[PDB]
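Read the structure below first, then the notes.
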Amino acid sequence: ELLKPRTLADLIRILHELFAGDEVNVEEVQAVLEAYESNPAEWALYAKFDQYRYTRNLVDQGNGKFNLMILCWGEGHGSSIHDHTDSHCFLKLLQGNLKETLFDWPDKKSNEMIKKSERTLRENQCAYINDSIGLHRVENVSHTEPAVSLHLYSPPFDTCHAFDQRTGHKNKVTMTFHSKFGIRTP
Ligand SMILES: [Fe+2]
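Residue numbering for the sequence shown follows the authors' numbering, starting at 5 and increasing by one per position.
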């Protein structure tokens with residue numbers, strides 16, 4: 005029985021129930037994430053920016069079956085084109101806007117990866133990606149406004165691949181947490 009999360013803490017409680025089982029109802033999880041109304045005071049602890057690139061800040065370790073984290077994107081900060089390592093990946097905007105560009109999995113032949121589409125994710129919207137949908141790049145194209153997003157992955161993963169837009173060639177990247185539970189982890 006999906007109810008509106010009153011706060012980030014409440015959202016976290018609800019996610020624990022939604023992942024209590026072995027499977028994931030994606031539309032339910034997306035609906036719940038979207039229904040949470042971003043309250044900057046509730047997530048200020050996790051919103052740790054870096055001047056040069058976006059940061060990943062662990063919020064909740066889940067129950068074995070998922071991770072929840074907050075990503076902070078300075079003006080002009082973006083990601084590589086990348087996958088999500090056979091996991092569900094939900095992205096909800098907490099502040100500002102991000103541009104998401106979608107790409108197809110490349111062919112083994114070296115070739116330019118051409119975008120299949122792009123959209124602007126706006127405050128409070130929750131997007132979903134998984135490998136069956138494709139690859140994406142996410143960027144804060146704003147010149148004046150930082151962005152903050154809330155990400156949920158299941159199962160958790162700490163490696164992914166970055167793709168070279170010119171060739172489609174991939175390289176494994178190990179993902180790191182800038183902070184965990186509000187504590188900077190260098
Ligand atoms: Fe991503």
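All residues carry an ideal CB built from backbone N, CA and C; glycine is no exception.
Within the same chain, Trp77, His81, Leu102, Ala151 come within 6 angstroms of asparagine 144 by CB-CB distance, once the 5 residues on both sides are set aside. Looking from the CA of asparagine 115, the closest CA among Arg170, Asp54, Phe185 belongs to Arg170.
Shown here for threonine 105: same chain residues with a beta carbon closer than 6 angstroms to its own, the five before and five after excluded, namely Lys119, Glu122, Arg141 in chain order. Counting only runs that start and end inside the region 64 to 152, the beta strand (DSSP E) elements of at least 3 residues fall at 71 to 77, 92 to 99, 102 to 107, 119 to 125, 130 to 133, 139 to 143. With respect to the C-alpha of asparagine 67, the residue from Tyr50, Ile16, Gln55 having the closest C-alpha is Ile16. Taking a contact as a CB-CB distance under 8 angstroms, the pair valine 30 and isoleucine 18 does not count as one, their CB atoms being some 15 angstroms apart.
The straight-line gap separating the alpha-carbon atoms of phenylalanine 181 and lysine 112 is approximately 31 angstroms.
Straight across, the Cα-Cα distance linking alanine 166 with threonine 89 is about 11 angstroms. Set against 7 angstroms, the gap from the CB of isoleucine 85 to the closest heavy atom of ligand 1 is not smaller. DSSP lists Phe167 as the beta-bridge partner residues of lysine 174. Within its own chain, the residues whose Cβ lies closer than 7 angstroms to the Cβ of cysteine 164, once the five positions on either side in sequence are excluded, are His86, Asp87, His88, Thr89, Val177, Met179, listed in chain order. In this structure, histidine 155 lies away from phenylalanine 107, with their beta-carbon atoms at least 8 angstroms apart.
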